[PDB]
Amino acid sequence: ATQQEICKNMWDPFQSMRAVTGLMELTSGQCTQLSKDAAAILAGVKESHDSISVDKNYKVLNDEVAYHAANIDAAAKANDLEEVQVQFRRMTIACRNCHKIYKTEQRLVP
């Protein structure tokens, strides 16, 4: 898959995760979706890491999205929504770092 295909596939999980970061909640069904969304992002950045051969920085940028995605999964399992919130903000910066460095002249989300 291309990077564009990988990222397109992460966009709905990213939005599903974003929608829950503004709650007070702890619904077991919402932790199920949240963990599944975090796994989709982890899978996407690992696929980019392993199969989109750019340079070493590109690998570390994927790793730093994964760093925060795994923290979100942990925080969700512990029902620590403040941590979910902060780690999701940091994961969003991690997504944006790659976009600004490698697609500098295209307007991209998030």
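Sequential numbering from 1, following the sequence displayed.
The PDB entry reports B-factors from which the mean C-alpha value can be compared for 62 to 70 and 77 to 85; the larger average falls on 77 to 85. The stretch 19 to 27 shows the higher mean C-alpha B-factor when 94 to 102 is compared against 19 to 27 in the entry.
Ranked within its chain, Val54 lands in the middle third, by CA B factor from the PDB record. When the modelled residues of the chain are ordered by C-alpha B-factor, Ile41 sits in the lowest third.
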